[PDB]
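Derivation of every value follows stated rules applied to the coordinates shown; laboratory data play no part. Backbone-built Cβ (ideal geometry, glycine too); neighbour counts: all protein chains shown.
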């Protein structure tokens with residue numbers, strides 16, 4: 001929950017709140033949301049991807065964001081990856097506990 | 001027969017020499033002069049870059065290839081006049097002597113050693129004068145330039161189809177499939193096409209960030225590609241992209257200027273490639289005439305004498 | 001019309017050359033004026049002040 | 001860049017060499033051997049004439065055109081490496097020496 005709240009701060013609210021309380025994302029928030037989406041797509045091909053990212057992946061994500069109109073600092077991608085990967089690992093560990101209790 | 005060869009009209013010599021010589025050097029200008037010059041949006045640099053190459057190229061290669069074409073062109077017609085059958089009637093009993101005579105006569109057929117010096121001056125002047133004030137000059141130059149570019153486009157496209165293999169239309173129609181390399185090329189092509197889909201102005205040179213990202217957008221789909229495969233794929237697809245753009249540029253160059261109200265619209269349609277093509281077409285046409293004059297004034301007589 | 005668009009692949013009735021000439025004249029005059037202004041403000045105006 | 005050229009894969013070399021030499025010899029073959037030979041209805045004399053002309057062309061012209069192709073292709077690749085890369089990052093300040101050395 002701590003990671004998810006930091007993530008929401010990083011990327012801002014979803015449409016459920018933007019079109020309900022008339023809020024929007026900051027440019028940093030949209031950039032982080034797109035980087036998170038790219039990293040989620042990456043993790044949906046390798047759910048066991050290690051915590052460490054190669055700079056070639058940072059370059060792969062930067063160019064995809066450019067193809068989506070977004071240019072980012074490598075550390076922006078690194079921090080988004082840190083938070084989202086930790087969230088993913090925690091969800092995986094929680095399902096692992098759900099199997100452990102069985 | 002050799003006298004009959006001396007009766008060949010200049011019209012045939014000039015057309016044959018011009019057509020043959022240009023075809024020999026049609027790709028050198030495109031690949032080594034035009035296309036790299038097309039990588040900049042500065043038309044002045046584009047014209048400056050090619051003119052320097054052409055003059056250096058002109059001094060070293062053009063008159064040497066031009067004479068060789070003329071030397072061969074005369075022998076090509078000579079052989080046809082000499083030993084070609086009169087349809088189904090032919091005295092083959094004479095062919096041994098005819099070819100034997102030719103070999104001695106061609107060995108003694110030493111083309112004028114100073115023909116190249118005249119051509120260099122001619123070619124420098126033909127290239128130096130870039131003033132095309134006549135619409136007909138423009139019309140002829142663009143259509144022939146299109147044919148050369150269309151030839152390159154099909155040459156690249158045919159190479160690509162082998163590189164990528166048949167599409168689903170032929171795979172299912174003829175019960176064919178792709179090799180694992182073709183499968184890689186199709187996806188490698190698709191990623192490059194998507195990159196160009198947005199970055200239409202992407203320069204021909206690829207950054208290793210692009211080669212690695214193209215390799216990575218493919219690994220994410222289970223496709224691992226060596227960088228060398230991407231670069232080889234890139235070169236063919238880029239030209240197909242570029243060439244279609246050039247032909248569309250040519251289409252608007254003729255059509256856009258053709259519409260009368262558009263001549264006072266100063267759009268970014270500087271068809272400097274038609275200027276380059278036109279001068280070469282004229283330059284070679286003059287070269288052929290100089291060769292033809294030497295061909296009929298000195299060289300054919302030497303052939304007859306030999 | 002225009003310098004380039006009047007010529008290439010068009011049946012222009014114009015053949016305009018005066019515009020290029022006087023445009024070049026404008027550019028030469030502007031460059032000369034700027035050079036003169038630089039010379040003035042660098043040397044000549046302070047020379048006059050010293051005098 | 002010259003070392004990089006020296007490392008170019010044989011596949012590219014052979015493909016470009018074949019394409020260039022074919023460009024050079026296709027019309028020579030078609031016009032001087034194939035079509036003239038086509039006038040006869042006896043495929044055996046057709047083949048005999050074709051082989052004789054091919055042997056003579058090999059003896060006198062073909063290997064010289066082949067060497068020309070190899071040399072000029074090497075020049076073309078060498079210029080591509082030496083000359084301005086087809087990009088935007090190039091610094092022209094080295095062009096004088098690169099072209100003079102080329």
Checklist outcome for this item: Note: among D:55, D:65, D:96, just one is surrounded by fewer than 11 Cβ atoms within 10 Å (Cβ to Cβ) and either assigned to a helix (DSSP H, G or I) or more than 10 Å from chain B (Cβ to nearest Cβ) (or both), namely D:96
Item to check | Residue within region A:78-92 that is within 14 Å of chain B (Cβ to nearest Cβ) and under 20 Å from residue B:219 (Cα atoms) present | outcome: no
Next on the checklist: Here's a check for you: in region D:68-77, which residue that is over 17 Å from residue B:53 (Cβ atoms) and out of contact with any helix residue (DSSP H, G or I) (no Cβ under 7 Å at 6 or more places or on another chain) is nearest to the other protein chains (Cβ to nearest Cβ)?
Outcome noted: D:68
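For every residue, the table says whether it meets (1) away from chain D (no Cβ under 14 Å); (2) surrounded by fewer than 18 Cβ atoms within 10 Å (Cβ to Cβ); (3) outside any helix (DSSP H, G or I).
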| residue | (1), (2), (3) |
| --- | --- |
| B:188 | yes, no, no |
| B:214 | yes, no, no |
| B:224 | yes, yes, yes |
| B:238 | no, no, no |
Checklist outcome for this item: Scanning region D:8-33 residue by residue, the ones that are more than 10 Å from chain B (Cβ to nearest Cβ), surrounded by fewer than 14 Cβ atoms within 10 Å (Cβ to Cβ) and more than 19 Å from residue D:71 (Cβ to Cβ) total 1
Checklist entry - Is at least one residue of region D:37-49 away from chain B (no Cβ under 12 Å), exposed (fewer than 14 other Cβ atoms within 10 Å of the Cβ) and not in a helix (DSSP H, G or I)? => result no
Next on the checklist: With under 30 Å from residue D:88 (Cα atoms) and out of contact with any strand residue (DSSP E or B) (no Cβ under 9 Å at 6 or more places or on another chain) as the only criterion, which of B:49, B:83 stands out?
Outcome noted: B:49
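Working carefully through the options B:86, B:60, B:96, B:53, find the one that is touching a helix residue (DSSP H, G or I) at 6+ places or on another chain (Cβ under 6 Å) and free of Cβ contacts under 8 Å to residues at least 60 places away in the same chain.
Values: B:86 fails: touching a helix residue (DSSP H, G or I) at 6+ places or on another chain (Cβ under 6 Å); B:60 fails: touching a helix residue (DSSP H, G or I) at 6+ places or on another chain (Cβ under 6 Å); B:96 fails: touching a helix residue (DSSP H, G or I) at 6+ places or on another chain (Cβ under 6 Å).
The match here is B:53.
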Checklist entry - Which members of region B:192-212 meet the condition of being assigned to a helix (DSSP H, G or I), within 14 Å of chain D (Cβ to nearest Cβ) and without any contact (Cβ under 8 Å) to a residue 12 or more places away in the chain? => result B:209
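Rundown of residues vs (1) touching a helix residue (DSSP H, G or I) at 6+ places or on another chain (Cβ under 6 Å); (2) without any contact (Cβ under 8 Å) to a residue 60 or more places away in the chain; (3) closer than 30 Å to residue B:278 by Cα, yes/no style:
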{"site": "B:149", "(1), (2), (3)": "yes, no, yes"}
{"site": "B:153", "(1), (2), (3)": "yes, no, yes"}
{"site": "B:167", "(1), (2), (3)": "no, yes, no"}
{"site": "B:175", "(1), (2), (3)": "no, yes, no"}
{"site": "B:187", "(1), (2), (3)": "yes, yes, no"}
{"site": "B:190", "(1), (2), (3)": "no, yes, no"}
{"site": "B:219", "(1), (2), (3)": "no, yes, no"}
{"site": "B:224", "(1), (2), (3)": "no, yes, no"}
{"site": "B:231", "(1), (2), (3)": "no, yes, no"}
Checklist outcome for this item: The one condition residue A:77 fails out of (1) closer than 23 Å to residue B:194 by Cβ; (2) in contact (Cβ under 8 Å) with a residue 24 or more places away in the chain; (3) over 13 Å from the mean Cα position of the chain (by Cα) is (3)
Checklist entry - What is the one condition in (1) part of a helix (DSSP H, G or I); (2) in contact (Cβ under 8 Å) with a residue 24 or more places away in the chain; (3) over 22 Å from the mean Cα position of the chain (by Cα); (4) surrounded by fewer than 15 Cβ atoms within 10 Å (Cβ to Cβ) that residue B:110 does not satisfy? => result (1)
